[PDB]
Amino acid sequence: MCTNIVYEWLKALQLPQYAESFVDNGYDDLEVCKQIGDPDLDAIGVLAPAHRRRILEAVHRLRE
Amino acid sequence: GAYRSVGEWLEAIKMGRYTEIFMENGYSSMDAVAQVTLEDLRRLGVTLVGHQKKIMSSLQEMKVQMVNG
């Protein structure tokens, strides 16, 4: 009944293709996503360096 | 209440990787699992926050089904 916020966020980062893996690993809202580091990306399966850097830069912005 | 084993419950929530760790450390039937806290998870080596959320959310979902039924 409302778009999943992690889907919306990853859409904004132009990396929507990982949304279902984020949610399936329990990263289903921005409070959880705020805590993401390299082990979380590893479990989710984000492997391309540019995408890793983009998500970690985004995570930094959530914590401001 | 609707899972035969802790392994089957974990695989239903895509957290099957923790099955061995739960059985080895004595959280080995569905009854043992219902008293698990976030600190118990941390000491079991479940350090990924999304996986903690997944597991604690499901434990709570199963309690809700039991109180409501």
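Looking at the method and resolution fields of the entry, one finds X-ray crystallography and 1.8900 Å.

## Some words on the layout of surface pockets
Residue and element names in this part refer to chain B. Taken as a whole, the largest pocket encloses approximately 260 Å³ of empty space. The wall of the largest pocket is formed by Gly1, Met30, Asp31, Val33, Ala34, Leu59, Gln60, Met62, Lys63 and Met66. Listing elements by their share of the lining of the largest pocket, those giving two or more residues are helix 3 (30-33) and helix 5 (49-68). Take the lining of the largest pocket: its biggest share by element is 5 residues, from helix 5. Of the residues contributing to the lining of the largest pocket, the split by class is 6 nonpolar, 2 polar and 2 charged.

Rules behind the numbers
- Residues numbered from 1 in each chain as written, not as in the entry; some residues may be left out.
- Chains lettered and ligands numbered in written order.
- Heavy atoms only, no water.
- 1 Å grid on protein atoms, 1.4 Å probe; cavity = no way out; pocket = protein on both sides within 12 Å on 5 of 7 lines; lining within 4 Å.
- Points joined across faces, edges and corners; volume = space filled by probe spheres on them.
- Helix = DSSP H or I, 4+ residues; strand = E, 2+ residues; numbered from the N terminus.
- Nonpolar A, V, L, I, M, F, W, Y, C, P; charged D, E, K, R; others polar.

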